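File shown: start.txt (compact mmCIF, C-alpha atoms).
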```
# COMPACT_ATOMS: atom_id res chain seq x y z
CA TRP O 5 12.27 -13.53 -20.82
CA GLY O 6 9.39 -13.34 -18.36
CA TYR O 7 7.57 -15.82 -16.06
CA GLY O 8 5.03 -17.17 -18.57
CA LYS O 9 4.84 -20.71 -19.94
CA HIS O 10 6.91 -19.80 -23.01
CA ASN O 11 9.58 -17.43 -21.63
CA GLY O 12 9.58 -18.56 -17.98
CA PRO O 13 12.43 -19.65 -15.70
CA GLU O 14 12.92 -22.99 -17.42
CA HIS O 15 13.78 -21.24 -20.71
CA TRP O 16 16.30 -18.64 -19.43
CA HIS O 17 19.20 -21.09 -19.91
CA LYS O 18 18.92 -20.57 -23.71
CA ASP O 19 19.82 -16.94 -23.57
CA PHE O 20 21.59 -17.00 -20.18
CA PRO O 21 23.66 -20.19 -19.95
CA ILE O 22 24.82 -19.23 -16.48
CA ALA O 23 21.24 -20.14 -15.57
CA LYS O 24 22.54 -23.62 -14.82
CA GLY O 25 25.77 -22.44 -13.22
CA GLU O 26 27.37 -23.40 -9.95
CA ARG O 27 26.20 -20.55 -7.65
CA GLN O 28 22.60 -19.92 -8.78
CA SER O 29 19.90 -18.42 -6.59
CA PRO O 30 17.41 -18.66 -5.04
CA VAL O 31 17.71 -21.83 -2.97
CA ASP O 32 15.93 -23.59 -0.11
CA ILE O 33 17.33 -22.94 3.33
CA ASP O 34 17.49 -26.25 5.17
CA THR O 35 17.64 -24.92 8.73
CA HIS O 36 18.86 -28.26 10.10
CA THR O 37 21.86 -28.29 7.74
CA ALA O 38 22.80 -24.59 7.95
CA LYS O 39 25.94 -24.04 10.04
CA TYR O 40 25.88 -21.71 12.97
CA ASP O 41 29.12 -19.73 12.42
CA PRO O 42 30.38 -17.90 15.48
CA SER O 43 32.83 -15.75 13.46
CA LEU O 44 29.81 -14.00 11.96
CA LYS O 45 29.60 -10.31 12.92
CA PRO O 46 26.33 -8.48 13.39
CA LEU O 47 24.79 -6.75 10.37
CA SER O 48 25.26 -2.98 10.15
CA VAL O 49 22.50 -1.09 8.32
CA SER O 50 22.97 2.67 8.07
CA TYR O 51 19.90 3.95 6.13
CA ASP O 52 19.09 7.06 8.14
CA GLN O 53 20.44 9.29 5.36
CA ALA O 54 18.82 7.42 2.43
CA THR O 55 17.48 9.34 -0.55
CA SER O 56 14.80 7.74 -2.73
CA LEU O 57 14.31 9.02 -6.26
CA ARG O 58 11.72 6.87 -7.92
CA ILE O 59 9.68 3.80 -8.57
CA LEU O 60 9.21 2.18 -11.96
CA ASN O 61 7.50 -0.80 -13.59
CA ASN O 62 10.27 -2.51 -15.54
CA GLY O 63 7.86 -5.23 -16.87
CA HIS O 64 8.89 -7.89 -14.42
CA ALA O 65 8.63 -6.19 -11.02
CA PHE O 66 8.64 -2.59 -9.62
CA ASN O 67 11.79 -0.86 -8.38
CA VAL O 68 12.38 1.90 -5.88
CA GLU O 69 15.66 3.61 -6.84
CA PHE O 70 18.14 5.36 -4.62
CA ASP O 71 20.85 8.01 -5.12
CA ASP O 72 24.04 5.97 -4.69
CA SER O 73 26.56 8.76 -5.60
CA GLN O 74 27.53 8.89 -1.87
CA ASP O 75 27.58 6.61 1.21
CA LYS O 76 24.04 7.56 2.18
CA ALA O 77 22.35 4.18 2.66
CA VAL O 78 24.91 1.50 3.47
CA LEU O 79 25.27 -2.11 4.58
CA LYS O 80 28.40 -3.46 6.26
CA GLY O 81 29.36 -6.03 8.83
CA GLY O 82 28.02 -9.57 8.80
CA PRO O 83 29.97 -11.73 6.35
CA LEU O 84 30.68 -8.61 4.24
CA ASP O 85 34.07 -7.02 3.65
CA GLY O 86 33.86 -3.29 2.92
CA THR O 87 30.92 -1.01 2.35
CA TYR O 88 27.94 -1.76 0.19
CA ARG O 89 25.63 1.00 -1.08
CA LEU O 90 21.87 0.77 -1.50
CA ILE O 91 20.99 1.26 -5.13
CA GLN O 92 17.45 -0.29 -5.19
CA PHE O 93 14.81 -2.60 -3.72
CA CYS O 94 12.09 -4.63 -5.50
CA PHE O 95 9.68 -7.46 -4.69
CA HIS O 96 8.66 -10.92 -5.86
CA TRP O 97 5.06 -12.00 -5.08
CA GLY O 98 2.55 -14.67 -6.14
CA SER O 99 -1.06 -15.06 -7.31
CA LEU O 100 -1.94 -16.45 -3.85
CA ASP O 101 -0.62 -16.03 -0.34
CA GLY O 102 0.78 -19.58 -0.48
CA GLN O 103 3.46 -18.61 -3.06
CA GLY O 104 5.74 -15.66 -4.04
CA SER O 105 9.01 -15.75 -2.06
CA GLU O 106 12.12 -16.83 -3.92
CA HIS O 107 14.11 -18.37 -1.07
CA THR O 108 12.26 -21.00 0.97
CA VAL O 109 12.84 -22.07 4.56
CA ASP O 110 12.56 -25.83 5.07
CA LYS O 111 10.56 -25.80 1.83
CA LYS O 112 8.13 -23.20 3.19
CA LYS O 113 7.12 -20.42 0.75
CA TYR O 114 6.08 -16.95 1.89
CA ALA O 115 3.61 -14.54 0.39
CA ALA O 116 6.42 -12.37 -1.04
CA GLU O 117 10.05 -11.40 -0.91
CA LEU O 118 11.83 -8.06 -0.64
CA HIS O 119 15.31 -7.56 -1.99
CA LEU O 120 17.53 -4.65 -0.96
CA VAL O 121 20.33 -4.50 -3.61
CA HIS O 122 23.75 -3.07 -2.61
CA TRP O 123 27.08 -2.77 -4.48
CA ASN O 124 30.67 -2.88 -3.27
CA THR O 125 32.04 0.69 -3.26
CA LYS O 127 35.54 -0.65 -3.93
CA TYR O 128 34.44 -1.21 -7.50
CA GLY O 129 33.25 2.36 -8.08
CA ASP O 130 29.91 1.81 -9.83
CA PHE O 131 27.16 -0.79 -10.13
CA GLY O 132 28.17 -2.05 -13.53
CA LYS O 133 31.72 -2.97 -12.49
CA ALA O 134 30.61 -4.79 -9.31
CA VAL O 135 28.31 -7.13 -11.24
CA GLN O 136 31.63 -8.26 -12.76
CA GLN O 137 32.95 -9.40 -9.39
CA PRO O 138 32.32 -12.48 -7.13
CA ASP O 139 31.89 -10.08 -4.22
CA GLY O 140 30.29 -7.27 -6.19
CA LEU O 141 26.81 -7.34 -4.60
CA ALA O 142 25.11 -7.87 -1.22
CA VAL O 143 21.34 -8.55 -1.33
CA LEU O 144 19.30 -8.28 1.87
CA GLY O 145 16.38 -10.70 1.60
CA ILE O 146 13.28 -10.17 3.75
CA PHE O 147 10.22 -12.46 3.78
CA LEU O 148 6.65 -11.08 3.87
CA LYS O 149 3.84 -13.03 5.55
CA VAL O 150 0.12 -12.01 5.57
CA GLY O 151 -1.30 -10.69 8.80
CA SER O 152 -1.37 -7.13 10.05
CA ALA O 153 -0.65 -4.11 7.92
CA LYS O 154 2.85 -2.72 7.73
CA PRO O 155 2.57 1.01 8.10
CA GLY O 156 5.99 1.64 6.53
CA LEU O 157 4.88 -0.05 3.28
CA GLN O 158 1.71 2.03 2.72
CA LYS O 159 3.59 4.78 0.86
CA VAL O 160 4.74 2.25 -1.76
CA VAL O 161 1.32 0.64 -1.92
CA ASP O 162 -0.48 3.95 -2.78
CA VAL O 163 1.82 4.92 -5.70
CA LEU O 164 1.25 1.59 -7.58
CA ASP O 165 -1.76 3.06 -9.44
CA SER O 166 0.72 5.45 -11.06
CA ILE O 167 2.93 2.76 -12.61
CA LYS O 168 0.44 0.02 -13.45
CA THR O 169 2.10 -0.74 -16.75
CA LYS O 170 5.42 -1.58 -18.29
CA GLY O 171 7.61 1.49 -18.69
CA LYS O 172 5.89 3.85 -16.24
CA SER O 173 7.75 5.66 -13.44
CA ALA O 174 6.96 8.23 -10.77
CA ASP O 175 9.03 10.53 -8.53
CA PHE O 176 9.44 8.82 -5.15
CA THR O 177 11.48 10.90 -2.68
CA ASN O 178 11.67 10.90 1.11
CA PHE O 179 11.01 7.16 1.32
CA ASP O 180 12.72 5.61 4.40
CA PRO O 181 13.58 1.92 3.93
CA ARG O 182 14.02 1.51 7.68
CA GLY O 183 10.24 1.13 7.80
CA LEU O 184 10.58 -2.24 6.07
CA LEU O 185 12.96 -3.99 8.42
CA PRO O 186 12.02 -6.68 11.00
CA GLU O 187 12.91 -6.28 14.60
CA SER O 188 15.70 -8.87 14.42
CA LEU O 189 18.75 -8.91 12.14
CA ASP O 190 19.48 -12.66 12.56
CA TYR O 191 20.40 -14.09 9.17
CA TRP O 192 21.44 -16.85 6.87
CA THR O 193 24.23 -16.27 4.30
CA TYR O 194 25.56 -17.99 1.22
CA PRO O 195 27.15 -17.02 -2.10
CA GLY O 196 24.76 -16.96 -5.02
CA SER O 197 23.51 -14.81 -7.90
CA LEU O 198 20.97 -12.39 -9.26
CA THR O 199 17.52 -14.10 -9.39
CA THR O 200 16.73 -12.51 -12.76
CA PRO O 201 18.66 -12.41 -16.01
CA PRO O 202 21.57 -11.88 -16.53
CA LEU O 203 21.69 -14.03 -13.32
CA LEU O 204 25.32 -13.02 -12.70
CA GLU O 205 26.98 -14.94 -9.87
CA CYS O 206 28.20 -11.92 -7.94
CA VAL O 207 25.92 -11.92 -4.88
CA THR O 208 26.42 -12.52 -1.20
CA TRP O 209 22.96 -13.34 0.04
CA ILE O 210 21.76 -12.32 3.50
CA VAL O 211 18.29 -13.71 4.23
CA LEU O 212 16.73 -12.44 7.41
CA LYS O 213 15.21 -15.09 9.64
CA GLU O 214 12.35 -12.96 10.80
CA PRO O 215 9.63 -12.14 8.35
CA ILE O 216 7.62 -8.87 8.17
CA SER O 217 3.81 -9.06 8.13
CA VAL O 218 1.77 -7.20 5.61
CA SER O 219 -2.02 -7.09 5.33
CA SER O 220 -4.06 -8.85 2.72
CA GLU O 221 -5.07 -5.58 1.07
CA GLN O 222 -1.44 -4.39 0.85
CA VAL O 223 -0.32 -7.53 -0.96
CA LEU O 224 -3.54 -7.36 -3.05
CA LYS O 225 -2.45 -4.00 -4.53
CA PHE O 226 0.71 -5.66 -5.87
CA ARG O 227 -1.35 -8.22 -7.84
CA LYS O 228 -2.98 -5.39 -9.73
CA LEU O 229 0.22 -4.51 -11.61
CA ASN O 230 0.77 -5.34 -15.34
CA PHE O 231 3.62 -7.08 -17.10
CA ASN O 232 2.33 -5.52 -20.31
CA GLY O 233 2.69 -2.00 -21.63
CA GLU O 234 -0.17 0.41 -21.87
CA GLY O 235 -2.32 -0.49 -24.93
CA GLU O 236 -1.54 -4.21 -24.95
CA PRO O 237 -3.71 -7.07 -23.60
CA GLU O 238 -3.76 -7.20 -19.85
CA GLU O 239 -1.48 -9.81 -18.23
CA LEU O 240 -1.35 -9.27 -14.45
CA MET O 241 1.96 -9.10 -12.61
CA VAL O 242 1.91 -12.13 -10.24
CA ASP O 243 4.22 -15.05 -9.70
CA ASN O 244 7.36 -13.10 -10.73
CA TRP O 245 9.47 -15.52 -8.65
CA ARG O 246 12.15 -17.98 -9.76
CA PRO O 247 12.08 -21.55 -8.45
CA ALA O 248 14.64 -22.91 -6.01
CA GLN O 249 17.99 -23.97 -7.46
CA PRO O 250 20.45 -26.67 -6.53
CA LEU O 251 22.85 -25.80 -3.73
CA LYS O 252 25.67 -27.84 -5.25
CA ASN O 253 28.22 -28.13 -2.44
CA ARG O 254 27.75 -24.54 -1.24
CA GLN O 255 27.14 -24.25 2.49
CA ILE O 256 24.59 -22.00 4.16
CA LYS O 257 25.70 -20.33 7.37
CA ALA O 258 23.66 -18.90 10.28
CA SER O 259 24.47 -15.91 12.48
CA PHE O 260 22.38 -17.57 15.25
```
Let's see the structure in the file written out as structure tokens.
Amino acid sequence: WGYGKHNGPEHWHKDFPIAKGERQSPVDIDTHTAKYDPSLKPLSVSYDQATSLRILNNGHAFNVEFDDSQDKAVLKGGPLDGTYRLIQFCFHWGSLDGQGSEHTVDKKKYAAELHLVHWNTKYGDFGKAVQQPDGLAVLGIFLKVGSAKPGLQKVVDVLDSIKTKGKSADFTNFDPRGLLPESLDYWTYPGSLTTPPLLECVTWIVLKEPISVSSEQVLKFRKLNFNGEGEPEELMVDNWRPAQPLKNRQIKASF
């Protein structure tokens, strides 16, 4: 799989039948239909003690990994039951500023989308959680083009180092707090991973408020390669999956 014309999103179903399941993500957030739910508690993001390890080019996106052996970077509250540990974050972006996000708001597409992946500590490890309906919590943050985002510059500058498929680089002392909007208002619904194996174990939490990034920050993302070093150059852009059918599910609002 990939995002090309012959191994793209519309082909995943062949290898990953759950592709056309009942709680697939991403979806379009119809703000007029979303239900304001008063029983929704505020989000609780404890990342002050986070420990980054590294960044790698997995051939479909780039990941910043975290040490999740202890409750260092956690997410709780909201619609969540128990503690969820930060394991990684990655992005989805497009060829142009008019495309790239996965989730859409009233059919509007953002320049990119940031996913903070967390797993339920009740299940002991990541691999056991992706076997549960409430195994993961993904924090989704939209990126619009405007002013630079200081907190993102550290990621931006190490891209050169992992241009191709399979590369990785040490990436310690990286504070994710630098990537959060001012507001923690959100939308929530039950869905899945947005990439194969597309397991339907995620509780999505899409922040309302987008973060702005400059044109040259986003530009550095478009310089990445899907291919491995020594193979024809195929730029890493449009690594986003198209909106899926809601199918009865309901999207709730904390505001």
task = For residue 228 in chain O, work out the shell of residues within 10 Å, counting all atoms listed in the file and skipping chain neighbours fewer than 3 positions away, then give it as a VMD selection string.
result = chain O and resid 164 to 165 168 to 169 223 to 225 239 to 242
query = Which residues, written as a list in words, have at least one atom at most 6 Å from residue 218 in chain O, with all atoms listed in the file counted and residues fewer than 6 positions away on the same chain left out?
reply = residues 150, 151, 152, 153 and 154 of chain O
Per-residue nearest contacts of range 159-206 of chain O to range 138-145 of chain O (9 Å; all atoms listed in the file) as CSV:
```
residue,atom,partner,partner_atom,distance
O:195,CA,O:138,CA,8.5
O:197,CA,O:141,CA,8.8
O:198,CA,O:143,CA,8.8
O:204,CA,O:138,CA,9.0
O:205,CA,O:138,CA,6.5
O:206,CA,O:138,CA,4.2
```
How would the residues just chosen look if you wrote them out with C-alpha atoms as a PDB file, in the coordinates of the input?
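Now in out-v2.pdb:
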```
ATOM      1  CA  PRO O 195      27.150 -17.020  -2.100  1.00  0.00           C
ATOM      2  CA  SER O 197      23.510 -14.810  -7.900  1.00  0.00           C
ATOM      3  CA  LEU O 198      20.970 -12.390  -9.260  1.00  0.00           C
ATOM      4  CA  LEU O 204      25.320 -13.020 -12.700  1.00  0.00           C
ATOM      5  CA  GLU O 205      26.980 -14.940  -9.870  1.00  0.00           C
ATOM      6  CA  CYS O 206      28.200 -11.920  -7.940  1.00  0.00           C
TER       7      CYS O 206
END
```
request  = One decimal, Å: what's the distance from CA of residue 183 in chain O over to CA of residue 217 in chain O, could you say?
outcome  =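 These atoms are spaced 12.1 Å apart.
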ask   = From the set O:20, O:66, O:226, O:123, which residue has the shortest atom-to-atom contact distance to residue 99 in chain O, counting all atoms listed in the file?
value = O:226
request  = Might you pull out every residue within 10 Å of residue 113 in chain O, with all atoms listed in the file counted and same-chain residues fewer than 4 positions away left off, and present them as number ranges by chain?
outcome  = O: 32, 101-109, 117, 147-149
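For the residues O:191, O:114, O:93, O:231, ranking by smallest atom-to-atom distance to residue 57 in chain O using only C-alpha atoms places O:93 first.
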Once you count only C-alpha atoms, what closest atom pair and distance in Å to one decimal does each residue of range 32-131 of chain O within 7 Å of range 176-182 of chain O have, with rows by chain and rising residue number, as JSON lines?
```
{"residue": "O:51", "atom": "CA", "partner": "O:182", "partner_atom": "CA", "distance": 6.6}
{"residue": "O:54", "atom": "CA", "partner": "O:180", "partner_atom": "CA", "distance": 6.7}
{"residue": "O:55", "atom": "CA", "partner": "O:178", "partner_atom": "CA", "distance": 6.2}
{"residue": "O:56", "atom": "CA", "partner": "O:177", "partner_atom": "CA", "distance": 4.6}
{"residue": "O:57", "atom": "CA", "partner": "O:177", "partner_atom": "CA", "distance": 4.9}
{"residue": "O:58", "atom": "CA", "partner": "O:176", "partner_atom": "CA", "distance": 4.1}
{"residue": "O:59", "atom": "CA", "partner": "O:176", "partner_atom": "CA", "distance": 6.1}
```
inquiry  = Quick one: residues within 8 Å of residue 95 in chain O, all atoms listed in the file, excluding same-chain residues fewer than 4 positions away - as a ChimeraX atom specification?
reply    = /O:65-67,116-119
task = Quick one: pull the distance between CA of residue 209 in chain O and CA of residue 257 in chain O, Å, one decimal.
result =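 CA of residue 257 in chain O lies 10.5 Å from CA of residue 209 in chain O.
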